[PDB]
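**Student:** Return a 3D structure for these sequence lines:
(one chain, ligands or ions: 1)
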Amino acid sequence: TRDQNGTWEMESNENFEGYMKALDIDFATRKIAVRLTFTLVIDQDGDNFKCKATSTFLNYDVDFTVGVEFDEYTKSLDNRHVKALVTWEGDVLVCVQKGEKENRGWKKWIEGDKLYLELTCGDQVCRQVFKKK
Ligand SMILES: *C/C=C/c1cc2ccc(N(CC)CC)cc2oc1=O
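**Tutor:** Numbers count the residues shown, from 1 in each chain. I have put the structure below:
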């Protein structure tokens, strides 16, 4: 399915530190961030997405339209400027963040009532799995 609407509670988190280290997140923010569980709230209407990931400390907010390139200032993460583009590869939602970092982006897909998120930077791949609340 291409329907990722929902409130999604973290079930698994693998190699979050490696991804954040690849982004050069400072040590203290990174060490706290690796410890924390996230809820992902995805508000999707056709091609229009609003994605909010919340923890007790760090936050992530992005709005986009599938297939429309946009400037992203990554800000609360690594404070960089990228040219972001979100598209479908089958039922996998693929984001490429064009900029200083290679292989930077993410992939989101549904596999049996679970939402998978892959965060990529360089040769680092973080895998997070969420359950629909
Ligand atoms: C497609 C959604 C990706 C995504 C990206 C994120 C970046 C940073 C963070 N945090 C804590 C809330 C910083 C450690 C979370 C996050 O969640 C996501 O789903």
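
**Student:** switch to C-alpha atoms for all contacts and neighbour counts from now on
**Tutor:** Fine.

**Student:** dump the residue contacts of residue 5.
**Tutor:** 41-44 (Cα atoms under 8 Å, 6 or more residues apart in numbering).

**Student:** Could you identify the longest helix within the chain?
**Tutor:** The longest helix of the chain (DSSP state H) is helix 27-35.

**Student:** quick revisit: write a ChimeraX command that selects only the buried members of the contacts of residue 5.
**Tutor:** Selection command for ChimeraX covering only the buried members of the contacts of residue 5, criterion 16 or more other Cα atoms under 10 Å:
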select :41,42,43,44
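
**Student:** of the contacts of residue 5, closest to residue 102?
**Tutor:** Here the nearest of the contacts of residue 5 to residue 102, counting by Cα to Cα, is residue 42; it sits at 26.2 Å.

**Student:** In this structure that closest one contacts residue 50, no?
**Tutor:** Yes. Counting by Cα atoms under 8 Å, residue 42 does reach residue 50; the two are 5.9 Å apart.

**Student:** quick one, helices of the protein?
**Tutor:** Going by DSSP H, the chain shows helices at 16-22, 27-35.

**Student:** residues from this protein in reach of the ligand?
**Tutor:** Taking Cα under 6 Å from any ligand atom as the contact definition, the chain meets the ligand at 33, 38, 40, 53-55, 58-60.

**Student:** Let's have these in JSON lines, adding neighbour count.
**Tutor:** Output for the residues of the chain next to the ligand, formatted as JSON lines (neighbours: other Cα atoms under 10 Å):
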{"residue": "33", "neighbour count": "20"}
{"residue": "38", "neighbour count": "22"}
{"residue": "40", "neighbour count": "21"}
{"residue": "53", "neighbour count": "18"}
{"residue": "54", "neighbour count": "16"}
{"residue": "55", "neighbour count": "13"}
{"residue": "58", "neighbour count": "15"}
{"residue": "59", "neighbour count": "13"}
{"residue": "60", "neighbour count": "15"}
